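Bear in mind these aren't lab numbers, they're just calculated from the coordinates by the rules spelled out. Cβ placement follows ideal geometry from the backbone for every residue including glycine, while neighbour counts extend to all protein chains displayed.
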Number of protein chains: 2
Amino acid sequence: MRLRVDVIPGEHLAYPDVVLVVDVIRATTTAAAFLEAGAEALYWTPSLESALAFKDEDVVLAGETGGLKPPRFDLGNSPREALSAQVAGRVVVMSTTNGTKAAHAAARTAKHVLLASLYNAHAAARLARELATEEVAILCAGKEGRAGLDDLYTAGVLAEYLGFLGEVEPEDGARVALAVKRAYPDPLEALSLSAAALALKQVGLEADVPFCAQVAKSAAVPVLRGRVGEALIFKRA
Amino acid sequence: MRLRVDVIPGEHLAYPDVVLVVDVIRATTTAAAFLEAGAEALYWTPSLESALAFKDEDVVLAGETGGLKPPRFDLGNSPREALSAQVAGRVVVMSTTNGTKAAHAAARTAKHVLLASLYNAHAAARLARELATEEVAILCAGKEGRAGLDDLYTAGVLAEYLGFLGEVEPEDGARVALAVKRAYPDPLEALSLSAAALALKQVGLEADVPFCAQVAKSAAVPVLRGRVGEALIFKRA
Ligand SMILES: [Ca+2]
Ligand SMILES: [Ca+2]
Ligand SMILES: [Ca+2]
């Protein structure tokens, strides 16, 4: 079973089998939290305006620009606020920056697209292995072409767990991700040292970092199951 | 001093101060070997075609596509062959797949561009610290949008040495590079597990890997000093 980590997305990159998309602070952690709270589905849109379009339907609008909730949205991108929100049985539309680009990119060629985080890591890894036939790839969203220490650490936790579950053939990115995991046995340390955590502290949202540093506290795995208009439709596996 | 590592190049990425460009297997190692052999200058172009335009009496053309010497070139990209080449006092023109383009990307904005490898690591790190005033960035060439374990290990060796010289404030990429260095006590293991080493084995050029794994065997540091047409002009510092 090949094990691959792409440290940043690339328009030209292709995925032959499974792809675990990671934006641990915060988009993919928030996505899992909404499904853990019972949301019927998550619609990930490619832009703020595209999410604003559902603003009339029976949905909850969640998202951020610069990490902060847009004035017309119901919720921001905090996974803590997502987990406690009244969304059971509801469709949540999410508009986030780095995370949606990565998912739309992987969705271009992958057979399966899963949204992974430290929060749902063991369940996400187990489903990836169950669905894979030749490769489990992990795509780290990073930020604007530069890799994130937090996403790579998460990819290292996933890579290590996948190795615990069965044999794996890693390539370079996966060896890099495992090295990042080995260097930070503490998930909260790896995440708190990251640029994404500092960005949240600069806008007063650092309380979200410990939530994102939780490991395997949810079995909710968003899986790409369809598309409507510009939205990718994720459902709980 | 800020310490930055970009795990892969990006067209829009900018560098405010010093950049150490790394393509350890093999372009930046080969660059240093040519200067160790006495070459007067290295002209790095961004394509085979542009390198060929510099053909002239006593000019040596070196390079590769798919790791192999192109038909019209004098030498390929082996650092062993570069070190033993008849290049004393001559201009060596090079075009390679990853490294020479990465240098052009950094040179668009950097104040200083140095070509770094394990082979000249300590001299390169010392020169970067001497020239820097606000930041030393290390640009890993990788391969076609994906990070290389070998370039990141090399960046970690450089990052560690820069830290011996004074205060460093690392960002995410630099912490990833240092984690890769810590994960591999033997530079030959990081390099021989890398996709770049396996790609050389596919075409029978793997004898160059041990050469690339030498640490601080040369004091020759190619430093950017000019540009003529499509060639970046590097001289021995
Ligand atoms: Ca992020
Ligand atoms: Ca290379
Ligand atoms: Ca030109």
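Odds and ends about this structure:
- Sorted from nearest, the other copies put their A:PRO71 label points 6.5 nm away, the label point being 7 Å from Cα in the direction of Cβ.
- Note, ³J(HN,Hα) from phi for the stretch B:13-25, Karplus 6.51, -1.76, 1.60, rounded to Hz, x at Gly and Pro: 6, 10, 10, x, 9, 8, 10, 9, 8, 10, 9, 5, 10
- Proxy reagent accessibility, fewest Cβ within 10 Å first, across A:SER78, A:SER84, A:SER192, A:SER95: A:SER84, A:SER192, A:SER78, A:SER95
- Alpha-carbon radius of gyration plus Dmax, which is the widest Cα pair, for the protein assembly as shown in Å: 23.3, 77
- GNM flexibility winner over chain A from A:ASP58, A:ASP23, A:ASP172 (Cα, springs under 10 Å): A:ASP58
- Averaging the sequence gap over all C-alpha pairs within less than 8 Å and six or more residues apart, then dividing by the number of residues, gives chain B a relative contact order of 33 percent.
- Between A:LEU131 and B:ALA219, the simple spin-label model (points 7 angstrom out along Cα→Cβ) gives 5.7 nm.
- MRE, 222 nm, helices only [DSSP H, n ≥ 4, -39500 (n - 2.57), over the protein assembly as shown, to nearest 500]: -10500 deg cm²/dmol
- Loop GluC sites (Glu not before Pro), the stretch A:147-237 (other Cβ atoms within 10 Å of the site Cβ: 11 or fewer; DSSP): A:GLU167
- Shown here for the stretch A:11-45: GluC sites (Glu not before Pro) in loop regions (DSSP other than H, G, I, E, B) with at most 15 other Cβ atoms within 10 Å, namely A:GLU11, A:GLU40.
- Vicinal HN-Hα couplings computed from phi for the stretch A:218-234 (Karplus, 6.51 cos²θ - 1.76 cosθ + 1.60; Hz; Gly/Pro x): 9, 9, 7, 10, x, 10, 5, 10, x, 8, 9, x, 8, 8, 8, 9, 10
- Average other protein chain Cβ within 10 Å of Cβ, residues A:186-194: 1
- Debye-sum result for the stretch A:85-237 in log10 I(q)/I(0), which assumes one identical scatterer on each alpha carbon, at q = 0.14, 0.20 Å⁻¹: -0.72, -1.51
- Couplings 3J(HN,Hα) for the stretch B:203-209, derived from phi with the Karplus relation 6.51 cos²θ - 1.76 cosθ + 1.60 (θ = phi - 60°), are 10, x, 10, 5, 5, 6, 5 Hz, where x marks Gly and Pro.
- When B:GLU167 is represented by a point 7 angstrom out along its Cα-to-C-beta vector, the spacings to that point in the other copies are 5.2 nm, nearest first.
- Which of A:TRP44, B:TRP44 has the fewest Cβ neighbours within 10 Å, and the rest in rising order: A:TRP44, B:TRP44
- Ordered by the number of other Cβ atoms lying within 10 Å of each residue's own Cβ, fewest first, B:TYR184, A:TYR15 fall into the sequence B:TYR184, A:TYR15.
- Built amide H within the under 5 Å cut-off of A:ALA137, gap 5+: A:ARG4, A:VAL18, A:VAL19, A:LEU20
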